[PDB]
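What follows is a set of notes on a single structure, which appears directly below.
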Amino acid sequence: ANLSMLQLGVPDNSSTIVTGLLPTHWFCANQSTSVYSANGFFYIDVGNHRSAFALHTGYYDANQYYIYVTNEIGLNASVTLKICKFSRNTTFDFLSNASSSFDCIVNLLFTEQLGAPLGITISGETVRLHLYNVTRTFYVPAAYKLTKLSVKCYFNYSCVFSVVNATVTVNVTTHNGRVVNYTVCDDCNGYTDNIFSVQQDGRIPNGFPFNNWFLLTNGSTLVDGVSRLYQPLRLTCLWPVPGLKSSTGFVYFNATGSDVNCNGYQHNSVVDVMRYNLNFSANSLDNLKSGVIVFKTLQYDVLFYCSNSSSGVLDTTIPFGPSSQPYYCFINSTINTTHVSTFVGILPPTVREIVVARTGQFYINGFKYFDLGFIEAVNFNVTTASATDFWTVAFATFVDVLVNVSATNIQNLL
Amino acid sequence: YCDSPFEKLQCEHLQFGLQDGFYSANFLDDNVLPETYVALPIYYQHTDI
Amino acid sequence: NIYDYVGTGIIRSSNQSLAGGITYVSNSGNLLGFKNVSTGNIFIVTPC
Ligand SMILES: *[C@@H]1O[C@H](CO)[C@@H](O[C@@H]2O[C@H](CO)[C@@H](O[C@@H]3O[C@H](CO[C@H]4O[C@H](CO)[C@@H](O)[C@H](O)[C@@H]4O[C@@H]4O[C@H](CO)[C@@H](O[C@@H]5O[C@H](CO)[C@H](O)[C@H](O)[C@H]5O)[C@H](O)[C@H]4NC(C)=O)[C@@H](O)[C@H](O[C@H]4O[C@H](CO)[C@@H](O)[C@H](O)[C@@H]4O[C@@H]4O[C@H](CO)[C@@H](O[C@@H]5O[C@H](CO)[C@H](O)[C@H](O)[C@H]5O)[C@H](O)[C@H]4NC(C)=O)[C@@H]3O)[C@H](O)[C@H]2NC(C)=O)[C@H](O)[C@H]1NC(C)=O
Ligand SMILES: *[C@@H]1O[C@H](CO)[C@@H](O[C@@H]2O[C@H](CO)[C@@H](O[C@@H]3O[C@H](CO[C@H]4O[C@H](CO)[C@@H](O)[C@H](O)[C@@H]4O[C@H]4O[C@H](CO)[C@@H](O)[C@H](O)[C@@H]4O)[C@@H](O)[C@H](O[C@H]4O[C@H](CO)[C@@H](O)[C@H](O[C@H]5O[C@H](CO)[C@@H](O)[C@H](O)[C@@H]5O)[C@@H]4O[C@H]4O[C@H](CO)[C@@H](O)[C@H](O)[C@@H]4O[C@H]4O[C@H](CO)[C@@H](O)[C@H](O)[C@@H]4O)[C@@H]3O)[C@H](O)[C@H]2NC(C)=O)[C@H](O)[C@H]1NC(C)=O
Ligand SMILES: *[C@@H]1O[C@H](CO)[C@@H](O[C@@H]2O[C@H](CO)[C@@H](O[C@@H]3O[C@H](CO[C@H]4O[C@H](CO)[C@@H](O)[C@H](O)[C@@H]4O)[C@@H](O)[C@H](O[C@H]4O[C@H](CO[C@H]5O[C@H](CO)[C@@H](O)[C@H](O)[C@@H]5O)[C@@H](O)[C@H](O[C@H]5O[C@H](CO)[C@@H](O)[C@H](O)[C@@H]5O)[C@@H]4O)[C@@H]3O)[C@H](O)[C@H]2NC(C)=O)[C@H](O)[C@H]1NC(C)=O
Ligand SMILES: *[C@@H]1O[C@H](CO)[C@@H](O[C@@H]2O[C@H](CO)[C@@H](O[C@@H]3O[C@H](CO[C@H]4O[C@H](CO)[C@@H](O)[C@H](O)[C@@H]4O)[C@@H](O)[C@H](O[C@H]4O[C@H](CO[C@H]5O[C@H](CO)[C@@H](O)[C@H](O)[C@@H]5O)[C@@H](O)[C@H](O[C@H]5O[C@H](CO)[C@@H](O)[C@H](O)[C@@H]5O)[C@@H]4O)[C@@H]3O)[C@H](O)[C@H]2NC(C)=O)[C@H](O)[C@H]1NC(C)=O
Ligand SMILES: *[C@@H]1O[C@H](CO)[C@@H](O[C@@H]2O[C@H](CO)[C@@H](O[C@@H]3O[C@H](CO[C@H]4O[C@H](CO)[C@@H](O)[C@H](O)[C@@H]4O)[C@@H](O)[C@H](O[C@H]4O[C@H](CO[C@H]5O[C@H](CO)[C@@H](O)[C@H](O)[C@@H]5O)[C@@H](O)[C@H](O[C@H]5O[C@H](CO)[C@@H](O)[C@H](O)[C@@H]5O)[C@@H]4O)[C@@H]3O)[C@H](O)[C@H]2NC(C)=O)[C@H](O)[C@H]1NC(C)=O
Ligand SMILES: *[C@@H]1O[C@H](CO)[C@@H](O[C@@H]2O[C@H](CO)[C@@H](O[C@@H]3O[C@H](CO[C@H]4O[C@H](CO[C@H]5O[C@H](CO)[C@@H](O)[C@H](O)[C@@H]5O)[C@@H](O)[C@H](O[C@H]5O[C@H](CO)[C@@H](O)[C@H](O)[C@@H]5O)[C@@H]4O)[C@@H](O)[C@H](O[C@H]4O[C@H](CO)[C@@H](O)[C@H](O)[C@@H]4O)[C@@H]3O)[C@H](O)[C@H]2NC(C)=O)[C@H](O)[C@H]1NC(C)=O
Ligand SMILES: *[C@@H]1O[C@H](CO)[C@@H](O[C@@H]2O[C@H](CO)[C@@H](O[C@@H]3O[C@H](CO[C@H]4O[C@H](CO)[C@@H](O)[C@H](O)[C@@H]4O)[C@@H](O)[C@H](O[C@H]4O[C@H](CO)[C@@H](O)[C@H](O)[C@@H]4O)[C@@H]3O)[C@H](O)[C@H]2NC(C)=O)[C@H](O)[C@H]1NC(C)=O
């Protein structure tokens, strides 16, 4: 859809990479009946006729919620959304199929500007609602079964509608408050699970499957259940596909340099963490990168490297993804020509995320290993023949949230 | 002696002779059992003291 | 001793289609079934 900025979340005079459930292709049909399989729909109505859409499963159930939207003819857009159970029911019809509504989460009436498309999308047990100026959200149970979609409108009455399968990645350009272009990557593989666009106020967009975003902890590890927490999940910038090289330099905990290309909104403040993200393949032939990590403390630098032998003298490597044998890691430092080394620990079986706080702490896979005094900048010196090592580099700050943890992962966020 | 199936009810209820009615019974047995251990993935490293 | 749960019982294999957590406890702190993480099979734990 060639729709409003806020319905997509893009600022003025920019070009972002938006991912998620988005509409691509319009239809022009008059068969008056066709059962589809989908997860959402967009439409535009300006004609003087009755139009209605509805989402349902494949069989009747007395303990199921059925979405139902009906437009009505007027001077503005008269919309009637109804989400609740139904008794003995209907075949199909416009204008209020059946008044069997007895326990309804939402039952409203909209009067918005004519000439603006609407839309409803489903992700998990979350139902979104775009309204061309606001984005509402309701939590209806057992809403992942609503797969089919029964659309009924006619082309001659100035009625065209799109429909969504899943997870399309786009490239939207804005100018003077209006979207200019809208193109879909046939290329750009894998972008749907690691790239997004930062919304207003530095939030994280809904419906994002958290791929390698771990829960930071100082002690034990959570396994299951809803748990209120206090985690760094409010971004101030995002650097998609950074392509760090061996001749870049330091990075100074603020996105106001010359190489940073933030995505979406971009504020200016001082941050507390720097969440890295590792790109690895299933094969283990070139997942063995040779390099070190150089910190910058107020007094002396600290060098971090790992090896596969107890005496860490003959090797310097950092594995990505799955491995096959234990690896040991060390720390190096110098105080008046006195090289000091110590043993820190053993990497987990799979290294996927690295987080460096600003007050000294250093986490791997959300587990503290050591602790410096004060860090100013980090130089991730990795020797590579291309620009393919990392997905994103995100800065964040601590914010109180509410998390739905399952299998040591993140499902939702509030 | 607590050996007979009825001599165990008295031996469990601490009573010489029992009334008429319904009684609850669940005879355990002390023995030795094998042990199982399942934990989140981690590598193996040992030491002896 | 399964994910920091201790007790006694018999562990049998089964095949159910469930996606989500790797530990199903009752509302009294006792285990009822876990799941091997590197596959999809689950297991059942009952007292003997
Ligand atoms: C996002 O986040 C970013 C990260 O923070 C941030 O960018 C960085 O912000 C920093 C914070 O402000 C900022 O740091 C400041 O930098 C100032 C720049 O001074 C240097 O450049 C000028 C020219 O522009 C130059 O004249 C000056 O001498 C400095 O040159 C440095 O000299 C060093 C040696 O003396 C040299 O070190 C060696 O260099 C070698 C190569 O030549 C070799 O590489 C060696 O290995 C290396 O060790 C160093 O490389 C070089 N730097 C550069 C860039 O060339 C600093 O001046 C400033 O310090 C002063 O201010 C702070 C408060 O702000 C005071 O607390 C501090 O004490 C300093 O005060 C005095 O400053 C003078 C110099 O101005 C010192 O020397 C005096 O010099 C006089 C003549 O110039 C005279 O001779 C006096 O007698 C001398 O004493 C004096 O000692 C200081 N102390 C006192 C008590 O007087 C501060 O460090 C940094 O520059 C930013 N950029 C980076 C890091 O790239 C960014 O801003 C953030 N974004 C946003 C939007 O905010
Ligand atoms: C595992 O365990 C370890 C155990 O250590 C944990 O590590 C600890 O982590 C915590 C969490 O960060 C560290 O605690 C502090 O966090 C502060 C965050 O500031 C927030 O939150 C606090 C909490 O309430 C608020 O009081 C603040 O006002 C601020 O609020 C935010 O939200 C507001 C909402 O409206 C906004 O308005 C605010 O603007 C803000 O966004 C940090 O600030 C603390 O850092 C301070 O100390 C540093 C070293 O001394 C300073 O360098 C630093 O200054 C920063 O900011 C200035 C601003 O210009 C920059 O210029 C600097 O360069 C630097 O970036 C902070 O300085 C404060 O403290 C000093 C010393 O007291 C004061 O002199 C300053 O004036 C400043 O003010 C604060 O103190 C004064 C009293 O003096 C108060 O009046 C004032 O309100 C401020 O509170 C610090 O990080 C804690 O330190 C960590 N532990 C250790 C040992 O370091 C891990 O987190 C655990 N892991 C997990 C996963 O849980
Ligand atoms: C994409 O999604 C959208 C949903 O958002 C789908 O609907 C399309 O929505 C577009 C707007 O976002 C529509 O584009 C406009 O089309 C207007 C058509 O108006 C004429 O036709 C209607 C009947 O259909 C009639 O009532 C009306 O009176 C007109 O005759 C265009 O008017 C408009 O562009 C025109 O106006 C702009 C600026 O005009 C403003 O300023 C004038 C003073 O200068 C003032 O008098 C005006 O009133 C107005 O305030 C002008 O710059 C345009 O110039 C074009 O041409 C020059 C070359 O001469 C070119 O250089 C320039 O770049 C422009 O291209 C032009 O004169 C809008 O373009 C679109 O019509 C909607 N589509 C349909 C079918 O309704 C859309 O379908 C989706 N598309 C796809 C492919 O999926
Ligand atoms: C999907 O498509 C449309 C979506 O709207 C569905 O309805 C059709 O809509 C069309 C467009 O509105 C209709 O075509 C004309 O409709 C006019 C009615 O106007 C209404 O709407 C206007 C607003 O636009 C409104 O202001 C007005 O008050 C009405 O409400 C008709 O008047 C018009 O008739 C014209 O043409 C006839 C001749 O046409 C016949 O004969 C042709 C061969 O000569 C033949 O090819 C044609 O197919 C047709 O059979 C002409 O005689 C009329 O002029 C008479 O009246 C003037 C005075 O006004 C008098 O001076 C003159 O001497 C004549 O006596 C007039 O110029 C058009 O029919 C279309 O009719 C709608 N369809 C139907 C069935 O009614 C459509 O139904 C949908 N599709 C399906 C399959 O359902
Ligand atoms: C995306 O791009 C579009 C365009 O493609 C942007 O839309 C327009 O963007 C223009 C500038 O990019 C805007 O022009 C500005 O006009 C302001 C005056 O508007 C006042 O009055 C209106 C009512 O008429 C009111 O609504 C509004 O709120 C204002 O009160 C000017 O303020 C502005 O710049 C002026 O000031 C700068 C100095 O700015 C510095 O100082 C400020 C404190 O005074 C400080 O706050 C700033 O941060 C900054 O540090 C001055 O240099 C400008 O001088 C111009 O003119 C001289 C000639 O005299 C020329 O030599 C120089 O090069 C400058 O061109 C100027 O006096 C702007 O001029 C326009 O309003 C926008 N239109 C719309 C409809 O929005 C859009 O903004 C872009 N998106 C984003 C997010 O920015
Ligand atoms: C996360 O990591 C994963 C890890 O796999 C990564 O996935 C791969 O991503 C790449 C995209 O970069 C996918 O596409 C492949 O691209 C190959 C490119 O071939 C061209 O370049 C070759 C060398 O270029 C490198 O080196 C030069 C310096 O020499 C450097 O400047 C470049 O920037 C670049 O780094 C070059 O060899 C090749 O042809 C040269 O040689 C011939 C002579 O033989 C000469 O005549 C030419 O003029 C030219 O000089 C070409 O120009 C491409 O080859 C490759 O094709 C293979 O795979 C496909 C698909 O399997 C097969 O169909 C095909 O037959 C080849 O076997 C492929 O297209 C790549 O597919 C991904 N890998 C997998 C497994 O999917 C992600 O991208 C990473 N994510 C992020 C965000 O970075
Ligand atoms: C108005 O209100 C209704 C509910 O009140 C909303 O949703 C409908 O909900 C009912 C159940 O409450 C759904 O009923 C279903 O009917 C199917 C019939 O489908 C017809 O059409 C298809 C293709 O269009 C044909 O293939 C089919 O033969 C029918 O002609 C039944 O198939 C369902 O149950 C039967 O099939 C299942 C297998 O799927 C069996 O297991 C069952 O035992 C049973 O035999 C089911 O009962 C209905 O589909 C929903 N939609 C509609 C449009 O009615 C409406 O959305 C709401 N709004 C509108 C505009 O109607």
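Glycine gets a Cβ as well: all are built from the backbone with ideal geometry, and neighbour counts include every protein chain shown. Read-outs throughout are calculated quantities, based only on the coordinates presented, and are distinct from any laboratory measurement.
How high is the FRET efficiency between A:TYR252 and A:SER281 when r is their beta carbon distance and R₀ equals 30 Å, given to the nearest 0.05?
Values: r = 31 Å, r/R0 = 1.04.
That gives a FRET efficiency of 0.45.
Whole number please: convex hull volume per residue, Cα atoms of chain A, in Å³. Spell out each step's value before the answer.
Details: hull volume 71.7 nm³, N = 414.
In chain A, the Cα hull volume divided by residue count equals 173 Å³.
What does the average come to when, for each residue of peptide A:217-229, you count the partner chain Cβ atoms lying within 10 Å of its Cβ?
Numbers: counts 0, 0, 0, 1, 1, 0, 6, 7, 3, 0, 0, 0, 0.
That works out to 1 on average.
Is there a simple number for the mean count of other chain Cβ atoms within 10 Å of the Cβ of residues in B:37-44, and what is it? Walk me through the numbers on the way to the answer.
Values: counts 2, 9, 4, 8, 5, 3, 8, 1.
Partner-chain Cβ atoms within 10 Å, mean over residues of B:37-44: 5.
Below 20 Å, Cα to Cα, which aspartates and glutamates can A:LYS368 reach? Residues fewer than 8 away in the same chain don't count.
A:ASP272, A:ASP301, A:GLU353, A:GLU376
Which whole number gives the average, over all residues in A:323-330, of C-beta atoms from other chains lying within 10 Å of the residue C-beta? Mind showing how you got there, number by number?
Details: counts 1, 0, 1, 3, 1, 0, 0, 0.
Per-residue shielding by partner chains comes out at 1.
Can you spot the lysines whose alpha carbon is less than 20 Å from A:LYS85's alpha carbon? Ignore those fewer than 8 places along the same chain.
A:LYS145, A:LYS148
Would you please name the GluC sites (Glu not before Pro) within chain B that are DSSP coil residues with at most 11 other C-beta atoms within 10 Å of their C-beta?
Working: sites: B:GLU7, B:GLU12, B:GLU35; in loops: B:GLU35.
Taking chain B and a limit of 11 other Cβ atoms within 10 Å, the loop GluC sites (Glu not before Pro) found are B:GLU35.
Run through the range A:1-88 and list the chymotrypsin sites (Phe, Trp or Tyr not before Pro) located in a DSSP loop whose Cβ has at most 13 other Cβ atoms within 10 Å. Don't skip to the end; give the middle numbers.
On the way: sites: A:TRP26, A:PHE27, A:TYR36, A:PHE41, A:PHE42, A:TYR43, A:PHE53, A:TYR59, A:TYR60, A:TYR65, A:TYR66, A:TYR68, A:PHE86; in loops: A:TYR59, A:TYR60, A:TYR65, A:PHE86.
Here the chymotrypsin sites (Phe, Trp or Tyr not before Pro) that fit, given the DSSP loop and packing criteria, are A:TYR59, A:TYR60.
For the protein assembly as shown, which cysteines have no disulfide-compatible partner, meaning no other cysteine Cβ under 4.7 Å?
Unpaired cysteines in the protein assembly as shown: A:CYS28, C:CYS48.
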